[PDB]
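Comments concern the structure below.
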Amino acid sequence: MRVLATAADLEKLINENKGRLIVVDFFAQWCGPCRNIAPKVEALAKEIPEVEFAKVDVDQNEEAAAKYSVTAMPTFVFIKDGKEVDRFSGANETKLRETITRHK
């Protein structure tokens, strides 16, 4: 669960994990669905060590949220070989698992 403080931090994690899927959880502290799904994402991170999981607090790292056109909280963006390969929004556990399966 890498916390990404800047868009540059995101560019770096990407460089250091080229063929590996990265799952970025864009969230807000004040978002109830974000806080609700948070432990699920943490559990998945442990269940699937072959995938890199990161989090962006959209109020703190406004640059990354803007660069990814993130408006809905949570938004999960999936990145592999420096390209965005999928995204969806919502505290939707089944969709999170399916999307991770699809792209790992």
Side-chain angles (χ1 to χ4, degrees):
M1 277 299 161
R2 213 87 176 104
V3 172
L4 307 168
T6 62
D9 284 344
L10 181 48
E11 277 213 297
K12 282 179 206 82
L13 173 73
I14 291 173
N15 295 342
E16 149 215 321
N17 291 282
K18 36 289 158 215
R20 201 195 299 281
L21 174 68
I22 294 176
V23 175
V24 190
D25 178 357
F26 290 89
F27 75 100
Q29 312 272 3
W30 45 262
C31 172
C34 306
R35 300 188 297 261
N36 281 148
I37 198 142
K40 272 82 155 50
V41 191
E42 294 174 39
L44 278 161
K46 299 188 282 168
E47 194 175 307
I48 311 173
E50 212 229 355
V51 167
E52 291 296 320
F53 290 81
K55 53 192 191 171
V56 167
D57 175 339
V58 305
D59 295 329
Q60 179 272 302
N61 193 347
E62 209 186 331
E63 182 188 20
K67 289 190 171 165
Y68 283 84
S69 210
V70 166
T71 61
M73 290 303 95
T75 286
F76 293 90
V77 177
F78 294 76
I79 302 170
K80 193 153 164 187
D81 249 8
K83 316 169 210 177
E84 173 168 340
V85 298
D86 217 323
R87 78 163 58 189
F88 66 90
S89 167
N92 186 331
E93 195 185 7
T94 296
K95 199 161 178 171
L96 184 56
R97 294 187 162 265
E98 289 171 340
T99 305
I100 286 158
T101 306
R102 180 182 308 131
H103 298 285
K104 69 181 210 296

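Along the sequence shown, the residues carry numbers beginning at 1. Any value given below was found using the heavy atoms of this structure, including those in side chains, with hydrogens, waters and symmetry copies removed.
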Does the [X] side chain pair with the main chain of [Y], one donor and one acceptor, at a distance under 3.5 Å?
X     : Y     : result
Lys18 : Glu16 : yes
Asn15 : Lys12 : no
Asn17 : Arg20 : no
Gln60 : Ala5  : yes

Taking side chain as C-beta onward, heavy atoms only, is [X] less than 4.5 Å from [Y]?
X     : Y      : value
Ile37 : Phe27  : no
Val23 : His103 : no
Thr71 : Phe26  : no
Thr99 : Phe88  : yes
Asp86 : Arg102 : yes
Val58 : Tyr68  : no

Rounded distance [0.5 Å steps], [atom1] in [X] versus [atom2] in [Y]:
X     : Y      : atom1 : atom2 : result
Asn36 : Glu93  : CG    : CD    : 11.5 Å
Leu4  : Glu63  : CG    : CD    : 11.5 Å
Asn92 : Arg97  : CG    : CZ    : 12.0 Å
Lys46 : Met1   : NZ    : CE    : 10.5 Å
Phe53 : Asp25  : CZ    : CG    : 10.0 Å
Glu98 : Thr101 : CD    : OG1   : 8.0 Å

Do [X] and [Y] belong to the same hydrophobic cluster, where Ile, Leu, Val, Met, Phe, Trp and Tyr are linked whenever their side-chain heavy atoms lie under 4.5 Å apart, directly or via other members?
X     : Y     : answer
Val51 : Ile22 : no
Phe78 : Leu44 : yes
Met73 : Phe76 : no
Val85 : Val70 : no

Contact summary for [X] and [Y], nearest pair of heavy atoms:
X     : Y      : answer
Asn61 : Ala7   : OD1-N, 3.6 Å
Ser89 : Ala72  : OG-CB, 3.0 Å
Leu21 : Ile100 : CD2-O, 3.9 Å

- For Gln29 and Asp57, test the side chains for any donor-to-acceptor distance below 3.5 angstrom and give the result as yes or no. yes

